[PDB]
Amino acid sequence: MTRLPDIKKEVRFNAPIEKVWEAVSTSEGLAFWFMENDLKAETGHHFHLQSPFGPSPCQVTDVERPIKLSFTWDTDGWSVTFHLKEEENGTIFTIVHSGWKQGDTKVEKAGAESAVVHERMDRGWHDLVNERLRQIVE
């Protein structure tokens, strides 16, 4: 249309949303799959991220029970939102990573094109919230 597509994925794991939540509410639980951090599932909080690419600040925007969760990462403009919801089969986890520009503008931060990175990131993003996370509950 007039922009790049967002990176929204969804997965289903067998476990109590409580565990998953706690796994996506704490830092250790997060870093367990995501990355090292000092998150405490608290809105208006201030926590940094110890990534390999380099240290970057992070700040929670929304966090209340296993229903809505969001946190900022980097300065460029990369934000991801999490959505949890307990179901019959088990727990439902939906990820949403947005923060791209028109399909042409190259990323000065990362390096490779936005689309390229999008696919790359998405890939790992999915794989991340595919098994890497499931293992946190499995």
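The coordinates are above.
### Considering the overall build of the protein
Logical step 1: Tallying secondary structure elements over the protein gives four helices and six strands in all.
Logical step 2: Along the chain direction, N to C, the helices and strands of the protein fall in the order β-α-α-β-β-β-β-β-α-α.
Logical step 3: Taking 14 Å as the expected radius of gyration for a compact globule of 138 residues, we find that the protein reaches 15 Å, a close match to that expectation.
Logical step 4: Each principal axis of the C-alpha distribution contributes one length, and for the protein these read about 40 × 30 × 25 Å.
Logical step 5: Classification of the 138 residues of the protein by burial places 42% in the buried group.
Logical step 6: Accessible surface for the protein amounts to roughly 8,600 Å². Of this, 45% is attributable to carbon and sulfur atoms.

### Details of the pattern of salt bridges
Logical step 1: Summed over all chains, the structure comprises two salt bridges.
Logical step 2: Where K9 meets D122, a salt bridge forms, and the shortest distance between an N and an O atom there is 3.8 Å. Of this pair, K9 sits in strand β1 (residues 7-13) while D122 sits in helix α3 (residues 114-132); the two residues are 113 residues apart in sequence, bridging distant segments of the chain.
Logical step 3: For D122, a relative accessible area of 12% corresponds to the buried category.
Logical step 4: Taking the shortest distance from any N to any O, the salt bridge between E138 and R134 comes out at 3.1 Å.
Logical step 5: Here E138 falls in the exposed class, since its relative accessible area comes to 61%.

### Structural notes on the side chain of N37
Logical step 1: With respect to the element layout, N37 can be found in the loop between α2 (27-31) and β2 (46-50).
Logical step 2: Since its relative accessible area comes to 10%, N37 is described here as buried.
Logical step 3: Here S27 takes part through its backbone oxygen, which lies 3.1 Å from a polar atom of the side chain of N37.
Logical step 4: A polar side-chain atom of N37 sits 3.0 Å from the main-chain amide nitrogen of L39.

### Some details on the pairing of strand β3 (residues 55-64)
Logical step 1: Note that β2 and β3 share five bridges and pair antiparallel. Of the residues in β3, the one forming a bridge with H48 is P57.
Logical step 2: Between the antiparallel neighbours β2 and β3 lie four residues, among them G54 with a positive phi of about 145°.
Logical step 3: Note: β3 against strand β4 (residues 68-73), four bridges, orientation antiparallel. Bridging across to β4, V63 finds its partner in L69.
Logical step 4: Linking β3 back to β4 in an antiparallel pair, the connection comprises three residues, with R65 at a positive phi of about 60°.

### A closer look at the nonpolar core
Logical step 1: Formed by 38 residues in total, the largest nonpolar core has its most connected members in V24, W33, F82 and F93.
Logical step 2: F82 has contacts with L30, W33, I67, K68, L69, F71, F93, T94, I95 and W125, leaving out every residue within four places of it along the chain.

### Examining the packing of aromatic side chains
Logical step 1: Counting across every chain of the model gives nine aromatic pairs.
Logical step 2: Between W78 and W100, the aromatic rings sit 5.8 Å apart at their centres with planes inclined by 55°, giving tilted as the arrangement. Remark: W100 occurs in the loop between β6 (91-98) and α3 and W78 occurs in strand β5 (residues 78-86); sequence separation between them is 22 residues. Pair check on accessibility: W78 and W100 agree, each one buried.
Logical step 3: Taken together, the ring pairs in this structure connect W33, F34, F47, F71, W73, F82 and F93 into an aromatic cluster.

What counts, and where the lines are drawn
- Residues numbered from 1 in each chain as written, not as in the entry; some residues may be left out.
- Heavy atoms only, no water.
- Helix = DSSP H or I, 4+ residues; strand = E, 2+ residues; numbered from the N terminus.
- Rg over C-alpha atoms; globule rule 2.2 N^0.38 Å.
- Buried < 20%, exposed > 50% of the residue type's maximum accessible area, 1.4 Å probe, protein only.
- Areas by Shrake-Rupley, 256 points an atom, 1.4 Å probe, with all protein chains shown as cover.
- Salt bridge = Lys/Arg side-chain N within 4 Å of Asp/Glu carboxyl O.
- Polar contact = N/O pair within 3.5 Å; in protein donor to acceptor, adjacent residues only side chain to side chain.
- Pairing = 2+ DSSP bridges.
- Core = buried A, V, L, I, M, F, W, Y, C linked by side-chain atoms within 4.5 Å.
- Contact = heavy atoms within 4.5 Å.
- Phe/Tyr/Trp six-rings, centres within 6.5 Å; stacked < 30°, edge-to-face > 60°.

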